[PDB]
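Beneath this line is the structure, given in structure tokens, with notes to follow.
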Amino acid sequence: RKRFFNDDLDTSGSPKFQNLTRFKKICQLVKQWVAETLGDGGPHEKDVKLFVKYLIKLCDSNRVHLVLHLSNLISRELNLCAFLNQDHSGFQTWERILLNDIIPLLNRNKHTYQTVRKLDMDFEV
Amino acid sequence: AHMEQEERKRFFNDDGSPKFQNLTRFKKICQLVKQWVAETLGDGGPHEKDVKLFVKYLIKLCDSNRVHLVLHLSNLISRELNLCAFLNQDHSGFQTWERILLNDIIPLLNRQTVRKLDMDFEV
Amino acid sequence: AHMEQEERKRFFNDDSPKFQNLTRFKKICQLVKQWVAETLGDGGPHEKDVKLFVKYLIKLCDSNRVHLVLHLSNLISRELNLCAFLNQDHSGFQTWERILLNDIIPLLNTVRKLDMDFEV
Amino acid sequence: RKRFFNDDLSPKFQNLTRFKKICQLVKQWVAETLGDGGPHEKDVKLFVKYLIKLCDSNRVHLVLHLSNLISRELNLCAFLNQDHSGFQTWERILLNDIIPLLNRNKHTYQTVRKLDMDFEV
């Protein structure tokens, strides 16, 4: 399985992905990745890991809404099952990755701190 | 503390793909949610009874293995808020809708799939 | 979209700085504390009541009484610890929390200092 | 001027973990330095670094409590001696070094969305 992304472009304003800063260009690249790997049965494990690292930078820079948009972008592209070939069940494989590697990052960071106040108090007593 | 009468704007009525407001076509559900957000930002936010109805519908989508539809509606609401940010408008309604998005809607996304079963028929 | 009539609980009346005909800050603090504690169980306070309270906090700011806003801020914050500790009222917590973090705390960013200068 | 804190060591402060002990230490610090004209600037810097750890661990409400604790202790001007105007000096520190940390981190992201869009066009 070939690599679609270059690991050396990202360090390991909005964070860069694969040397791109414009969000529409990032989205366009992600669209290509999904579309070209469905026919191989899904993406390379390392490209997923590299993309997750970018998504986590988004989460930690108060840009969860950009993770949300990219997630739905990938999700909607998987509606193309009647148009694109898939070997090794690429559509199922991408949907697993979406549900297991990507979507769970939407709740990595909380935006309410009731559990934090509780944890500190439980540790205080 | 005392009781007061007031008139308030409501977008929804108190009374397989679950329906929302007696709508079956998801594109019609989407256009209805879009105008709900766009028209209530200027009010300072939506009516809590309308949010509760909408959240109940999202939970049904989750329970029906349609998380991808919740994801789409989540992003639909989010991009309506980008109109506020860009034009530097409606800060009160933005903040209320933002809290709904981040605390009431998005947590459902992490609370087999319906497409997967169709995907397995590979032709 | 349509108009509906309802009954809603209001904690304040629409008619140094006074709040709700109160001059003693201890009685103002007592009142705010009751307001948070009672409305937490409702899912949050009435936006008209928040507006009245915020304009009062503005008057404190505009009169160099930032330290009173800071005190009321923490008072509200510690009411929310009761929710956290007893894991209750999650809706009213989140609404009050947003008010604290977005409507109140931003106001914070020497009426005593003038009196401090008289050292005896 | 003497150092009240030890540079060599929820986030911990000065090897303390329970929040009431941290509050107790801060209360002592304020109270014992008022008579010196205010704290040592390096102790302020070390305390600021602890407050920033609180802010970045979603504990601004603990920054809020400590801020109000220091603020309220400055009401003690009729009871404690001060040289170099220690009460004024602490109040400046409160208003300039401590309280502005309460708004270091935003909890609404309208400006983030605007920034990204303005960068996009």
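Residue numbers start at 1 in each chain; chains themselves are named A, B, ... in the order of the structure tokens; ligands are numbered from 1 in the order shown.
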
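Residues in contact range of residue 57 of chain A, defined as at most 12 Å between only C-alpha atoms, with sequence neighbours fewer than 5 positions away removed, read residues 10, 11, 12, 13, 14, 15, 16, 17, 50, 51, 52, 62, 63, 64, 66, 67, 105, 108 and 109 of chain A.
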
Output C-alpha atoms for every residue in that selection, as a PDB file, in the first residue's frame.
```
ATOM      1  CA  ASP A  10       4.471  18.573   9.136  1.00  0.00           C
ATOM      2  CA  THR A  11       6.254  19.193  12.427  1.00  0.00           C
ATOM      3  CA  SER A  12       5.788  16.193  14.710  1.00  0.00           C
ATOM      4  CA  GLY A  13      -3.360  30.981  12.992  1.00  0.00           C
ATOM      5  CA  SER A  14      -4.459  27.568  11.750  1.00  0.00           C
ATOM      6  CA  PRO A  15      -1.949  24.673  11.774  1.00  0.00           C
ATOM      7  CA  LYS A  16      -0.497  23.614   8.443  1.00  0.00           C
ATOM      8  CA  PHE A  17      -1.202  20.243   6.892  1.00  0.00           C
ATOM      9  CA  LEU A  50      -0.435  11.670  10.191  1.00  0.00           C
ATOM     10  CA  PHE A  51      -3.901  13.108   9.537  1.00  0.00           C
ATOM     11  CA  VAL A  52      -4.951  12.401  13.154  1.00  0.00           C
ATOM     12  CA  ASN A  62      -9.708  25.887  19.368  1.00  0.00           C
ATOM     13  CA  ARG A  63     -10.610  24.704  15.846  1.00  0.00           C
ATOM     14  CA  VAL A  64     -12.826  21.692  16.590  1.00  0.00           C
ATOM     15  CA  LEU A  66     -12.673  22.482  11.346  1.00  0.00           C
ATOM     16  CA  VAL A  67     -12.342  18.877  12.559  1.00  0.00           C
ATOM     17  CA  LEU A 105     -11.480  13.552  18.250  1.00  0.00           C
ATOM     18  CA  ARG A 108     -11.173  14.971  22.946  1.00  0.00           C
ATOM     19  CA  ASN A 109     -11.533  18.417  24.561  1.00  0.00           C
TER      20      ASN A 109
END
```

Closest atom pairs, chain C residues within 10 Å of chain A, only C-alpha atoms, as a tab-separated table:
```
residue	atom	partner	partner_atom	distance
C:78	CA	A:117	CA	9.7
C:80	CA	A:114	CA	8.0
C:81	CA	A:117	CA	6.2
C:82	CA	A:118	CA	8.9
C:83	CA	A:114	CA	7.8
C:84	CA	A:118	CA	4.8
C:85	CA	A:118	CA	4.9
C:86	CA	A:118	CA	8.1
C:87	CA	A:118	CA	7.7
C:88	CA	A:114	CA	9.8
C:90	CA	A:114	CA	8.0
C:93	CA	A:114	CA	7.6
C:94	CA	A:112	CA	6.6
C:95	CA	A:112	CA	9.8
C:97	CA	A:112	CA	7.6
C:98	CA	A:112	CA	8.5
```

Dump C-alpha atoms for the selected residues as a CSV table (one decimal), in the first residue's frame?
```
chain,number,residue,atom,x,y,z
C,78,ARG,CA,-18.4,28.6,43.8
C,80,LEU,CA,-21.3,26.0,40.5
C,81,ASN,CA,-18.9,23.8,42.6
C,82,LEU,CA,-22.0,22.6,44.5
C,83,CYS,CA,-23.4,21.3,41.2
C,84,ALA,CA,-20.1,19.7,40.2
C,85,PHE,CA,-19.6,18.1,43.6
C,86,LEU,CA,-23.1,16.6,43.8
C,87,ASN,CA,-23.3,15.9,40.0
C,88,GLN,CA,-26.6,17.6,39.5
C,90,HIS,CA,-26.0,19.8,34.4
C,93,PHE,CA,-24.5,24.6,35.3
C,94,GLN,CA,-23.7,24.9,31.6
C,95,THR,CA,-25.9,27.9,31.1
C,97,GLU,CA,-21.0,28.6,33.3
C,98,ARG,CA,-21.3,30.3,29.9
```

Original post:
Given the choices B:97, B:36, B:20, B:54, which gets closest to chain C if the distance is worked out from only C-alpha atoms?
Top reply: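 For chain C, the nearest of the candidates is B:36.
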
Original post:
Counting only C-alpha atoms, which residues from chain A have an atom at most 6 Å from any atom of chain B, and could you show them as number ranges by chain?
Top reply: A: 69, 72, 92

Keeping N, CA and C atoms for every residue in the selection just given, could you write it to a file as a PDB file, in the first residue's frame?
```
ATOM      1  N   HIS A  69     -15.886  19.881  10.148  1.00  0.00           N
ATOM      2  CA  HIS A  69     -16.108  20.014   8.708  1.00  0.00           C
ATOM      3  C   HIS A  69     -15.387  18.920   7.926  1.00  0.00           C
ATOM      4  N   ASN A  72     -17.187  15.559   8.277  1.00  0.00           N
ATOM      5  CA  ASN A  72     -18.390  15.450   7.468  1.00  0.00           C
ATOM      6  C   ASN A  72     -18.032  15.381   5.990  1.00  0.00           C
ATOM      7  N   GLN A  92     -16.265   0.401   3.450  1.00  0.00           N
ATOM      8  CA  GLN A  92     -16.371  -0.031   4.840  1.00  0.00           C
ATOM      9  C   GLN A  92     -15.128   0.363   5.628  1.00  0.00           C
TER      10      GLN A  92
END
```

Which residues of chain D sit at most 7 Å from chain C, using only C-alpha atoms? Give each one's shortest atom pair and distance in Å (one decimal place), in chain and ascending residue order, as CSV.
```
residue,atom,partner,partner_atom,distance
D:61,CA,C:77,CA,6.7
D:64,CA,C:74,CA,6.1
D:65,CA,C:74,CA,5.9
D:68,CA,C:71,CA,5.9
D:71,CA,C:67,CA,6.6
D:77,CA,C:116,CA,6.6
D:87,CA,C:116,CA,6.6
D:88,CA,C:113,CA,5.8
D:100,CA,C:109,CA,6.1
D:103,CA,C:106,CA,6.4
D:107,CA,C:101,CA,6.6
```

Each residue of chain D lying at most 12 Å from chain A should get a row with its shortest atom-to-atom pair and the distance in Å to one decimal, counting only C-alpha atoms; could you produce that, ordered by chain and increasing number, as a Markdown table?
```
| residue | atom | partner | partner_atom | distance |
| --- | --- | --- | --- | --- |
| D:10 | CA | A:120 | CA | 6.9 |
| D:11 | CA | A:120 | CA | 10.5 |
| D:16 | CA | A:124 | CA | 11.8 |
| D:17 | CA | A:124 | CA | 8.8 |
| D:18 | CA | A:124 | CA | 5.8 |
| D:19 | CA | A:124 | CA | 7.0 |
| D:20 | CA | A:124 | CA | 8.1 |
| D:21 | CA | A:124 | CA | 10.0 |
| D:22 | CA | A:124 | CA | 11.6 |
| D:54 | CA | A:116 | CA | 11.3 |
| D:56 | CA | A:60 | CA | 10.6 |
| D:57 | CA | A:116 | CA | 9.0 |
| D:58 | CA | A:113 | CA | 7.0 |
| D:59 | CA | A:116 | CA | 7.5 |
| D:60 | CA | A:113 | CA | 9.8 |
| D:61 | CA | A:117 | CA | 8.5 |
| D:62 | CA | A:117 | CA | 9.2 |
| D:105 | CA | A:62 | CA | 10.0 |
| D:106 | CA | A:62 | CA | 9.0 |
| D:107 | CA | A:111 | CA | 7.6 |
| D:108 | CA | A:62 | CA | 9.0 |
| D:109 | CA | A:62 | CA | 6.9 |
| D:110 | CA | A:62 | CA | 10.3 |
| D:111 | CA | A:62 | CA | 10.3 |
| D:112 | CA | A:62 | CA | 7.4 |
| D:113 | CA | A:63 | CA | 8.0 |
| D:114 | CA | A:13 | CA | 10.8 |
| D:115 | CA | A:13 | CA | 7.4 |
| D:116 | CA | A:14 | CA | 6.8 |
| D:117 | CA | A:23 | CA | 8.9 |
| D:118 | CA | A:13 | CA | 10.7 |
| D:119 | CA | A:22 | CA | 7.7 |
| D:120 | CA | A:22 | CA | 5.9 |
| D:121 | CA | A:22 | CA | 9.0 |
```

**OP:** Have a look at B:17, B:89, B:95, B:31 and name the one nearest to chain C; count only C-alpha atoms.
**Re:**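 For chain C, the nearest of the given residues is B:95.
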
Subject >> residue 35 of chain A surroundings by only C-alpha atoms, 12 Å radius, close-in-sequence under 5 positions cut, as a list in words >> reply: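 So the residues in contact are residues 4, 28, 29, 30, 40, 41, 42, 43, 73, 74, 75, 76, 77, 78, 79, 80, 81, 83, 84, 85, 86, 90, 91 and 94 of chain A.
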
Listing only residues of chain B within 9 Å of chain D, what is the closest atom pair and its distance in Å (to one decimal) for each, using only C-alpha atoms, sorted by chain and residue number ascending, as a Markdown table?
```
| residue | atom | partner | partner_atom | distance |
| --- | --- | --- | --- | --- |
| B:81 | CA | D:110 | CA | 8.1 |
| B:82 | CA | D:113 | CA | 6.2 |
| B:83 | CA | D:114 | CA | 8.9 |
| B:84 | CA | D:110 | CA | 7.7 |
| B:85 | CA | D:114 | CA | 4.9 |
| B:86 | CA | D:114 | CA | 4.8 |
| B:87 | CA | D:114 | CA | 8.1 |
| B:88 | CA | D:114 | CA | 7.8 |
| B:91 | CA | D:110 | CA | 7.9 |
| B:94 | CA | D:110 | CA | 7.5 |
| B:95 | CA | D:108 | CA | 6.5 |
| B:98 | CA | D:108 | CA | 7.6 |
| B:99 | CA | D:108 | CA | 8.5 |
```

Subject >> Contact residues (chain B, partner chain C, 7 Å, only C-alpha atoms) as a list in words >> reply: residues 1, 2, 3, 4, 5, 6, 7, 8, 9, 10 and 11 of chain B

Subject >> Residues flagged alpha helix (DSSP H) by DSSP in chain D, as a count of residues only >> reply: 65

Original post:
For the atom pair atom CA of residue 15 of chain C and atom CA of residue 33 of chain C, what is the interatomic distance in Å to one decimal place?
Top reply: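 Pair atom CA of residue 15 of chain C / atom CA of residue 33 of chain C returns 20.3 Å.
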
Original post:
Do you have the atom CA of residue 51 of chain D-atom CA of residue 96 of chain D distance handy?
Top reply: 13.6 Å

Subject >> Proximity to residue 26 of chain D - best of D:46, D:76, D:55, D:70, only C-alpha atoms >> reply: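 Under the stated criterion, the closest residue is D:70.
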
Subject >> Option closest in space to residue 55 of chain C, from C:96, C:104, C:25, C:111 [counting only C-alpha atoms] >> reply: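 Closest to residue 55 of chain C, using only C-alpha atoms: C:104.
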